[PDB]
Amino acid sequence: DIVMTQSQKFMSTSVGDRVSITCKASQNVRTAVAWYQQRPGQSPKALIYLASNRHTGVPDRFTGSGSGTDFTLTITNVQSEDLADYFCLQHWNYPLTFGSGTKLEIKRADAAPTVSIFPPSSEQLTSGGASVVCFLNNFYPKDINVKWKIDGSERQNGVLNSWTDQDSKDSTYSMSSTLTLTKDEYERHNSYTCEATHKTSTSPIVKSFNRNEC
Amino acid sequence: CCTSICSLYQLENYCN
Amino acid sequence: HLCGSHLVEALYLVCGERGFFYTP
Amino acid sequence: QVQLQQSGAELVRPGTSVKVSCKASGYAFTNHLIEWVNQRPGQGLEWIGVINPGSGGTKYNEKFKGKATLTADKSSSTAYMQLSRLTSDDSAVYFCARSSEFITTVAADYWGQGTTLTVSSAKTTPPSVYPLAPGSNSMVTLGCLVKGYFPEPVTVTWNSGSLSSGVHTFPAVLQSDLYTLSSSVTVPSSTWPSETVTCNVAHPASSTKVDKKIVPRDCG
């Protein structure tokens with residue numbers, strides 16, 4: 001099976017700049033490569049066929065090039081409606097295979113996360129479970145580490161993370177981290193700590209509560 | 001290549 | 001079209017400047 | 001105009017079988033190859049197989065041989081894909097797409113709208129909704145935890161729509177066949193607890209509609 005490698009899973013840009021998305025085939029695929037656009041909640045839409053030809057109706061700022069292995073989709077003067085996923089594909093030989101995609105995102109000034117910790121509610125405690133929730137809100141760029149500590153020991157078991165995509169309105173990212181315990185394990189400990197490390201500072205943002213103070 | 005699905009790769013066996 | 005026009009176009013794409021022969 | 005209209009979403013149990021429809025219109029249906037492609041939540045795209053609708057010929061991704069069966073009904077101008085032995089790994093969005101005639105020199109120039117397939121043994125379960133309060137001169141964050149429901153989706157609004165602006169509803173995660181999510185909201189310091197913030201959770205499948213008023217929890 002041919003692998004279509006899009007080395008860059010994310011690409012930041014500003015409206016009006018130039019972007020170049022690469023795609024390398026694992027073997028020679030001639031010019032049987034296609035490019036698709038996928039906006040969130042939509043089907044893919046075809047852009048480039050046979051390596052360099054624009055499909056009818058697709059704007060001229062989109063340009064596909066390449067032959068052999070190294071293929072490229074270049075967008076000049078990127079517009080806001082171009083913020084989306086781009087997939088290459090080869091159809092030289094079966095099975096047809098897609099690249100694993102490049103998400104094109106708007107660039108902006110760095111933002112540190114606003115970190116919030118919440119103890120499990122007494123509503124939930126009466127059901128035998130205890131979910132501790134941490135919000136990591138409105139930061140930029142997307143990369144972030146979250147670390148939980150219960151009574152000073154790094155706790156990794158029971159932690160489920162969830163990420164939003166880039167915010168339609170202010171271009172930041174968000175993240176919830178949730179530690180789910182039985183009530184008995186939760187009442188076995190006192191100090192619960194959520195720790196965020198983001199590039200905006202060498203120091204972690206530390207939010208904590210003591211269970212014997214709730 | 002008309003009732004059965006062929007691949008552009010499979011067509012190379014007809015060139016020069 | 002039938003089959004052959006589409007087949008001959010595909011042959012032209014795949015065989016580039018090295019050409020091809022075609023007898024139905 | 002080229003147009004492909006796919007059948008409705010499918011929510012079934014593992015081991016069963018499903019048959020998805022794809023109705024073509026606006027072109028000569030019989031000789032354009034129809035591809036099938038799936039997309040798992042958050043992932044890219046995988047090619048399943050292709051059918052020549054006039055001839056009935058097929059070629060399958062080796063991973064889908066014996067799982068997928070592709071057919072065509074020239075009368076109605078409809079392509080079909082049947083998926084057997086369904087497991088939860090098959091939950092995905094399935095696309096049909098049109099390619100060139102007889103052989104693929106141009107691939108997937110028009111795409112159908114997609115069909116969501118959900119494979120689960122779980123039964124309809126309403127969400128448990130828990131308040132996320134922080135206790136008590138800038139801006140305070142509240143939350144709503146929406147836990148242990150099936151199937152997707154739920155919608156979270158804040159103050160029956162009144163708050164809209166500082167709202168994050170996070171994607172759900174599947175833990176032990178049930179879904180969980182949280183929704184954060186940031187309202188002015190002089191709006192809470194000074195006035196009132198209530199989360200509205202709606203889970204249509206269970207016919208549920210719950211409001212949770214956020215009350216302080218001054219920890220310390």
# chains A, B, ... in the order shown; residues from 1 in each chain; ligands from 1

$ interface_residues --of "chain B" --to "chain C" --cutoff "8 Å" --atoms "only C-alpha atoms" --output "ChimeraX atom specification"
/B:1-2,8-9,11-12,14-16

$ write_last_selection --atoms "N, CA, C and O atoms" --output "PDB file, in the first residue's frame"
ATOM      1  N   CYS B   1     -10.591  -3.667 -18.718  1.00  0.00           N
ATOM      2  CA  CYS B   1     -10.583  -2.526 -17.812  1.00  0.00           C
ATOM      3  C   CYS B   1     -11.908  -1.778 -17.879  1.00  0.00           C
ATOM      4  O   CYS B   1     -12.050  -0.661 -17.351  1.00  0.00           O
ATOM      5  N   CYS B   2     -12.893  -2.403 -18.518  1.00  0.00           N
ATOM      6  CA  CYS B   2     -14.193  -1.771 -18.669  1.00  0.00           C
ATOM      7  C   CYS B   2     -15.324  -2.481 -17.960  1.00  0.00           C
ATOM      8  O   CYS B   2     -16.281  -1.825 -17.539  1.00  0.00           O
ATOM      9  N   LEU B   8      -4.428   2.771 -13.191  1.00  0.00           N
ATOM     10  CA  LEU B   8      -3.482   3.389 -14.117  1.00  0.00           C
ATOM     11  C   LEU B   8      -2.133   2.677 -14.096  1.00  0.00           C
ATOM     12  O   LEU B   8      -1.436   2.619 -15.119  1.00  0.00           O
ATOM     13  N   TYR B   9      -1.761   2.119 -12.941  1.00  0.00           N
ATOM     14  CA  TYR B   9      -0.541   1.331 -12.844  1.00  0.00           C
ATOM     15  C   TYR B   9      -0.622   0.090 -13.725  1.00  0.00           C
ATOM     16  O   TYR B   9       0.319  -0.223 -14.463  1.00  0.00           O
ATOM     17  N   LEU B  11      -2.096  -0.187 -16.381  1.00  0.00           N
ATOM     18  CA  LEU B  11      -2.049   0.166 -17.787  1.00  0.00           C
ATOM     19  C   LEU B  11      -0.631   0.333 -18.296  1.00  0.00           C
ATOM     20  O   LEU B  11      -0.424   0.320 -19.508  1.00  0.00           O
ATOM     21  N   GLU B  12       0.352   0.474 -17.402  1.00  0.00           N
ATOM     22  CA  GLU B  12       1.732   0.659 -17.841  1.00  0.00           C
ATOM     23  C   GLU B  12       2.218  -0.481 -18.721  1.00  0.00           C
ATOM     24  O   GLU B  12       3.158  -0.293 -19.503  1.00  0.00           O
ATOM     25  N   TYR B  14       1.107  -1.567 -21.271  1.00  0.00           N
ATOM     26  CA  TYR B  14       0.742  -1.376 -22.657  1.00  0.00           C
ATOM     27  C   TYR B  14       1.562  -0.292 -23.335  1.00  0.00           C
ATOM     28  O   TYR B  14       1.315   0.007 -24.507  1.00  0.00           O
ATOM     29  N   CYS B  15       2.542   0.288 -22.655  1.00  0.00           N
ATOM     30  CA  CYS B  15       3.270   1.403 -23.250  1.00  0.00           C
ATOM     31  C   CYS B  15       4.361   0.944 -24.217  1.00  0.00           C
ATOM     32  O   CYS B  15       4.183  -0.022 -24.970  1.00  0.00           O
ATOM     33  N   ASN B  16       5.482   1.657 -24.218  1.00  0.00           N
ATOM     34  CA  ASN B  16       6.629   1.370 -25.076  1.00  0.00           C
ATOM     35  C   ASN B  16       7.901   1.345 -24.219  1.00  0.00           C
ATOM     36  O   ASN B  16       7.898   1.686 -23.027  1.00  0.00           O
TER      37      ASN B  16
END

$ interface_residues --of "chain B" --to "chain D" --cutoff "7 Å" --atoms "only C-alpha atoms" --output "ChimeraX atom specification"
/B:1-7

$ write_last_selection --atoms "N, CA, C and O atoms" --output "compact mmCIF listing (two decimals), in the first residue's frame"
# COMPACT_ATOMS: atom_id res chain seq x y z
N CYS B 1 -10.59 -3.67 -18.72
CA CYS B 1 -10.58 -2.53 -17.81
C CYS B 1 -11.91 -1.78 -17.88
O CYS B 1 -12.05 -0.66 -17.35
N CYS B 2 -12.89 -2.40 -18.52
CA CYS B 2 -14.19 -1.77 -18.67
C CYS B 2 -15.32 -2.48 -17.96
O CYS B 2 -16.28 -1.82 -17.54
N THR B 3 -15.26 -3.79 -17.82
CA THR B 3 -16.20 -4.36 -16.87
C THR B 3 -15.56 -4.49 -15.50
O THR B 3 -16.20 -4.20 -14.48
N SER B 4 -14.28 -4.84 -15.47
CA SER B 4 -13.51 -4.91 -14.24
C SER B 4 -12.73 -3.62 -14.03
O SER B 4 -12.29 -2.97 -14.98
N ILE B 5 -12.54 -3.27 -12.76
CA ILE B 5 -11.82 -2.06 -12.39
C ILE B 5 -10.33 -2.30 -12.58
O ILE B 5 -9.77 -3.24 -12.00
N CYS B 6 -9.71 -1.47 -13.40
CA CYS B 6 -8.27 -1.42 -13.63
C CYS B 6 -7.68 -0.22 -12.89
O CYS B 6 -8.38 0.65 -12.37
N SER B 7 -6.36 -0.17 -12.90
CA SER B 7 -5.63 0.89 -12.25
C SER B 7 -4.66 1.46 -13.27
O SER B 7 -4.15 0.73 -14.12

$ residues_around --residues "residue 132 in chain A" --least-positions-apart "2" --cutoff "10 Å" --atoms "only C-alpha atoms" --output "VMD selection string"
(chain A and resid 117 to 121 130 134 158 to 159 177 to 181 186 192 to 194) or (chain D and resid 132)

$ write_last_selection --atoms "N, CA and C atoms" --output "PDB file, in the first residue's frame"
ATOM      1  N   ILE A 117     -10.224  24.739  38.586  1.00  0.00           N
ATOM      2  CA  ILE A 117     -10.474  23.416  39.149  1.00  0.00           C
ATOM      3  C   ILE A 117     -11.825  23.431  39.852  1.00  0.00           C
ATOM      4  N   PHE A 118     -12.544  22.305  39.764  1.00  0.00           N
ATOM      5  CA  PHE A 118     -13.866  22.141  40.403  1.00  0.00           C
ATOM      6  C   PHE A 118     -13.957  20.799  41.123  1.00  0.00           C
ATOM      7  N   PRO A 119     -14.287  20.797  42.407  1.00  0.00           N
ATOM      8  CA  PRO A 119     -14.485  19.537  43.123  1.00  0.00           C
ATOM      9  C   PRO A 119     -15.710  18.810  42.610  1.00  0.00           C
ATOM     10  N   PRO A 120     -15.802  17.498  42.828  1.00  0.00           N
ATOM     11  CA  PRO A 120     -17.025  16.780  42.452  1.00  0.00           C
ATOM     12  C   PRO A 120     -18.183  17.269  43.302  1.00  0.00           C
ATOM     13  N   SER A 121     -19.360  17.280  42.697  1.00  0.00           N
ATOM     14  CA  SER A 121     -20.521  17.776  43.410  1.00  0.00           C
ATOM     15  C   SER A 121     -21.058  16.726  44.369  1.00  0.00           C
ATOM     16  N   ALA A 130     -17.029  10.209  41.750  1.00  0.00           N
ATOM     17  CA  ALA A 130     -16.462  11.521  42.044  1.00  0.00           C
ATOM     18  C   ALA A 130     -15.616  11.988  40.857  1.00  0.00           C
ATOM     19  N   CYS A 134     -11.058  19.951  35.520  1.00  0.00           N
ATOM     20  CA  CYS A 134     -10.192  21.092  35.328  1.00  0.00           C
ATOM     21  C   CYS A 134     -10.391  21.680  33.923  1.00  0.00           C
ATOM     22  N   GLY A 158      -7.540   7.266  35.429  1.00  0.00           N
ATOM     23  CA  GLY A 158      -8.808   7.955  35.531  1.00  0.00           C
ATOM     24  C   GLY A 158      -8.868   9.327  34.893  1.00  0.00           C
ATOM     25  N   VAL A 159      -7.848   9.733  34.127  1.00  0.00           N
ATOM     26  CA  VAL A 159      -7.795  11.076  33.539  1.00  0.00           C
ATOM     27  C   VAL A 159      -8.196  10.985  32.066  1.00  0.00           C
ATOM     28  N   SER A 177      -9.828  18.558  31.419  1.00  0.00           N
ATOM     29  CA  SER A 177      -9.165  17.373  31.926  1.00  0.00           C
ATOM     30  C   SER A 177     -10.010  16.893  33.097  1.00  0.00           C
ATOM     31  N   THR A 178     -10.392  15.615  33.098  1.00  0.00           N
ATOM     32  CA  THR A 178     -11.333  15.149  34.109  1.00  0.00           C
ATOM     33  C   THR A 178     -10.839  13.854  34.740  1.00  0.00           C
ATOM     34  N   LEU A 179     -10.643  13.889  36.050  1.00  0.00           N
ATOM     35  CA  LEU A 179     -10.235  12.730  36.833  1.00  0.00           C
ATOM     36  C   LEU A 179     -11.485  12.099  37.424  1.00  0.00           C
ATOM     37  N   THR A 180     -11.775  10.852  37.062  1.00  0.00           N
ATOM     38  CA  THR A 180     -13.000  10.209  37.533  1.00  0.00           C
ATOM     39  C   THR A 180     -12.630   9.091  38.493  1.00  0.00           C
ATOM     40  N   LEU A 181     -13.104   9.199  39.736  1.00  0.00           N
ATOM     41  CA  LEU A 181     -12.832   8.261  40.820  1.00  0.00           C
ATOM     42  C   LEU A 181     -14.120   7.712  41.426  1.00  0.00           C
ATOM     43  N   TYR A 186     -11.908   8.870  46.369  1.00  0.00           N
ATOM     44  CA  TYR A 186     -11.863  10.317  46.442  1.00  0.00           C
ATOM     45  C   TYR A 186     -11.786  10.779  47.897  1.00  0.00           C
ATOM     46  N   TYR A 192      -6.034  17.968  46.012  1.00  0.00           N
ATOM     47  CA  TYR A 192      -6.156  17.703  44.573  1.00  0.00           C
ATOM     48  C   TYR A 192      -5.676  18.897  43.752  1.00  0.00           C
ATOM     49  N   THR A 193      -4.782  18.628  42.808  1.00  0.00           N
ATOM     50  CA  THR A 193      -4.018  19.653  42.114  1.00  0.00           C
ATOM     51  C   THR A 193      -4.058  19.398  40.616  1.00  0.00           C
ATOM     52  N   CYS A 194      -4.325  20.460  39.854  1.00  0.00           N
ATOM     53  CA  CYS A 194      -4.293  20.469  38.401  1.00  0.00           C
ATOM     54  C   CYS A 194      -3.157  21.400  37.977  1.00  0.00           C
TER      55      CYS A 194
ATOM     56  N   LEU D 132     -20.760  22.539  38.393  1.00  0.00           N
ATOM     57  CA  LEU D 132     -19.343  22.790  38.630  1.00  0.00           C
ATOM     58  C   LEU D 132     -19.243  24.242  39.088  1.00  0.00           C
TER      59      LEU D 132
END

$ interface_residues --of "chain A" --to "chain B" --cutoff "12 Å" --atoms "only C-alpha atoms" --output "ChimeraX atom specification"
/A:27-33,50,90-96

$ write_last_selection --atoms "C-alpha atoms" --output "CSV table (one decimal), in the first residue's frame"
chain,number,residue,atom,x,y,z
A,27,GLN,CA,6.7,5.3,-4.2
A,28,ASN,CA,6.3,6.8,-7.7
A,29,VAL,CA,2.7,7.8,-8.4
A,30,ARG,CA,3.2,9.8,-11.7
A,31,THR,CA,0.6,12.6,-11.6
A,32,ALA,CA,-2.3,10.5,-10.3
A,33,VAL,CA,-2.7,12.7,-7.1
A,50,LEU,CA,-4.0,14.9,-11.9
A,90,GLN,CA,-3.0,8.9,-4.8
A,91,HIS,CA,-5.0,6.9,-7.4
A,92,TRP,CA,-2.1,5.4,-9.3
A,93,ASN,CA,-2.7,1.9,-7.8
A,94,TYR,CA,-5.1,0.2,-5.5
A,95,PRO,CA,-6.0,0.6,-2.7
A,96,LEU,CA,-6.3,4.4,-3.1

$ select_by_dssp --residues "range 48-145 of chain D" --states "strand (DSSP E or B)" --output "number ranges by chain"
D: 48-51, 58-60, 65, 68-73, 78-83, 92-101, 110-111, 115-119, 125, 128-132, 139-145

$ write_last_selection --atoms "C-alpha atoms" --output "short mmCIF file (atom, residue, chain, number, x, y, z; two decimals), in the first residue's frame"
data_model
loop_
_atom_site.label_atom_id
_atom_site.label_comp_id
_atom_site.auth_asym_id
_atom_site.auth_seq_id
_atom_site.Cartn_x
_atom_site.Cartn_y
_atom_site.Cartn_z
CA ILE D 48 -13.18 1.13 1.10
CA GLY D 49 -13.79 0.15 -2.53
CA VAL D 50 -15.12 1.13 -5.94
CA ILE D 51 -17.95 -0.11 -8.15
CA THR D 58 -15.87 -4.10 -8.05
CA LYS D 59 -12.46 -3.75 -6.40
CA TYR D 60 -12.08 -3.71 -2.61
CA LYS D 65 -12.96 -7.63 1.64
CA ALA D 68 -18.17 -4.50 2.60
CA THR D 69 -20.29 -5.53 -0.34
CA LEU D 70 -20.88 -2.99 -3.05
CA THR D 71 -23.80 -3.11 -5.49
CA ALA D 72 -25.61 -0.93 -8.00
CA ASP D 73 -29.21 -0.58 -9.17
CA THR D 78 -28.59 4.08 -6.81
CA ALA D 79 -25.34 2.72 -5.37
CA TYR D 80 -25.40 0.45 -2.29
CA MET D 81 -22.84 -0.46 0.38
CA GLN D 82 -23.55 -3.26 2.87
CA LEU D 83 -21.40 -3.70 6.03
CA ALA D 92 -17.82 6.34 11.33
CA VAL D 93 -19.16 8.61 8.64
CA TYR D 94 -19.39 6.85 5.27
CA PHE D 95 -19.15 8.81 2.01
CA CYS D 96 -19.92 7.85 -1.56
CA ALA D 97 -18.14 9.83 -4.24
CA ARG D 98 -18.15 9.93 -8.05
CA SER D 99 -15.04 9.35 -10.13
CA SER D 100 -14.37 9.23 -13.86
CA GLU D 101 -15.74 6.72 -16.37
CA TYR D 110 -18.46 14.90 -6.39
CA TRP D 111 -19.14 13.62 -2.88
CA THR D 115 -23.91 8.68 6.43
CA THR D 116 -23.22 8.43 10.15
CA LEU D 117 -22.98 4.88 11.47
CA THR D 118 -22.96 4.27 15.22
CA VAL D 119 -22.31 0.73 16.45
CA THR D 125 -29.56 6.54 28.83
CA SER D 128 -26.60 12.89 34.90
CA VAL D 129 -26.03 16.64 35.14
CA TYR D 130 -23.79 17.94 37.92
CA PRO D 131 -22.94 21.58 38.73
CA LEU D 132 -19.34 22.79 38.63
CA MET D 139 -14.04 37.00 35.84
CA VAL D 140 -15.34 33.72 37.35
CA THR D 141 -15.72 30.35 35.56
CA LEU D 142 -18.68 27.99 36.05
CA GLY D 143 -19.32 24.58 34.51
CA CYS D 144 -21.87 21.86 33.83
CA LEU D 145 -20.86 18.16 33.80
#

$ atom_distance --atom1 "CA of residue 77 in chain D" --atom2 "CA of residue 9 in chain D"
20.6 Å

$ residues_around --residues "residue 138 in chain D" --least-positions-apart "6" --cutoff "12 Å" --atoms "only C-alpha atoms" --output "JSON, numbers by chain"
{"D": [186, 187, 188, 189, 190, 191, 192]}

$ residues_around --residues "residue 156 in chain D" --least-positions-apart "4" --cutoff "7 Å" --atoms "only C-alpha atoms" --output "list in words"
residues 183, 199, 200, 201 and 202 of chain D

$ write_last_selection --atoms "N, CA and C atoms" --output "CSV table (one decimal), in the first residue's frame"
chain,number,residue,atom,x,y,z
D,183,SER,N,-19.3,21.6,29.9
D,183,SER,CA,-19.5,22.9,29.2
D,183,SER,C,-19.0,23.9,30.2
D,199,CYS,N,-27.4,26.2,33.9
D,199,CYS,CA,-27.2,25.5,32.6
D,199,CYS,C,-28.4,24.7,32.3
D,200,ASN,N,-28.7,24.7,31.0
D,200,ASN,CA,-29.8,23.9,30.4
D,200,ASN,C,-29.2,22.8,29.6
D,201,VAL,N,-29.5,21.6,29.9
D,201,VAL,CA,-29.0,20.4,29.2
D,201,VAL,C,-30.2,19.7,28.5
D,202,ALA,N,-30.1,19.4,27.3
D,202,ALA,CA,-31.1,18.7,26.5
D,202,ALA,C,-30.5,17.5,25.9

$ interface_residues --of "chain D" --to "chain A" --cutoff "6 Å" --atoms "only C-alpha atoms" --output "number ranges by chain"
D: 44, 61, 109, 113, 132, 134, 219-220

$ residues_around --residues "residue 157 in chain D" --least-positions-apart "5" --cutoff "12 Å" --atoms "only C-alpha atoms" --output "number ranges by chain"
D: 143-144, 162-169, 182-185, 197-203, 209-212

$ closest_residue --among "D:30, D:5, D:16, D:124" --to "chain C" --atoms "only C-alpha atoms"
D:30

$ decode --residues "range 6-18 of chain D" --atoms "N, CA and C atoms" --output "PDB file, in the first residue's frame"
ATOM      1  N   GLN D   6     -27.439  10.639   0.216  1.00  0.00           N
ATOM      2  CA  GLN D   6     -27.212   9.400   0.950  1.00  0.00           C
ATOM      3  C   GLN D   6     -28.343   9.156   1.934  1.00  0.00           C
ATOM      4  N   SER D   7     -28.452   7.899   2.369  1.00  0.00           N
ATOM      5  CA  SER D   7     -29.508   7.509   3.294  1.00  0.00           C
ATOM      6  C   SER D   7     -29.236   8.047   4.701  1.00  0.00           C
ATOM      7  N   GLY D   8     -30.223   7.894   5.565  1.00  0.00           N
ATOM      8  CA  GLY D   8     -30.121   8.481   6.888  1.00  0.00           C
ATOM      9  C   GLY D   8     -29.192   7.724   7.847  1.00  0.00           C
ATOM     10  N   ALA D   9     -28.954   8.351   8.994  1.00  0.00           N
ATOM     11  CA  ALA D   9     -27.992   7.822   9.953  1.00  0.00           C
ATOM     12  C   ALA D   9     -28.440   6.459  10.488  1.00  0.00           C
ATOM     13  N   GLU D  10     -27.481   5.705  11.009  1.00  0.00           N
ATOM     14  CA  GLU D  10     -27.738   4.336  11.420  1.00  0.00           C
ATOM     15  C   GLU D  10     -27.139   4.105  12.787  1.00  0.00           C
ATOM     16  N   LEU D  11     -27.968   3.610  13.701  1.00  0.00           N
ATOM     17  CA  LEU D  11     -27.577   3.354  15.087  1.00  0.00           C
ATOM     18  C   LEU D  11     -27.994   1.923  15.436  1.00  0.00           C
ATOM     19  N   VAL D  12     -27.057   0.981  15.395  1.00  0.00           N
ATOM     20  CA  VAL D  12     -27.391  -0.431  15.520  1.00  0.00           C
ATOM     21  C   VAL D  12     -26.402  -1.094  16.475  1.00  0.00           C
ATOM     22  N   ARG D  13     -26.645  -2.403  16.759  1.00  0.00           N
ATOM     23  CA  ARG D  13     -25.860  -3.146  17.739  1.00  0.00           C
ATOM     24  C   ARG D  13     -24.778  -3.958  17.044  1.00  0.00           C
ATOM     25  N   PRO D  14     -23.712  -4.307  17.760  1.00  0.00           N
ATOM     26  CA  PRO D  14     -22.636  -5.072  17.129  1.00  0.00           C
ATOM     27  C   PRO D  14     -23.115  -6.438  16.670  1.00  0.00           C
ATOM     28  N   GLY D  15     -22.429  -6.959  15.662  1.00  0.00           N
ATOM     29  CA  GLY D  15     -22.793  -8.192  15.010  1.00  0.00           C
ATOM     30  C   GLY D  15     -23.852  -8.070  13.929  1.00  0.00           C
ATOM     31  N   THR D  16     -24.624  -6.971  13.886  1.00  0.00           N
ATOM     32  CA  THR D  16     -25.688  -6.850  12.894  1.00  0.00           C
ATOM     33  C   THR D  16     -25.098  -6.470  11.535  1.00  0.00           C
ATOM     34  N   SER D  17     -25.973  -6.165  10.577  1.00  0.00           N
ATOM     35  CA  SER D  17     -25.583  -5.742   9.240  1.00  0.00           C
ATOM     36  C   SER D  17     -26.358  -4.489   8.857  1.00  0.00           C
ATOM     37  N   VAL D  18     -25.769  -3.661   7.993  1.00  0.00           N
ATOM     38  CA  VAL D  18     -26.433  -2.436   7.566  1.00  0.00           C
ATOM     39  C   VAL D  18     -26.218  -2.226   6.072  1.00  0.00           C
TER      40      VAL D  18
END
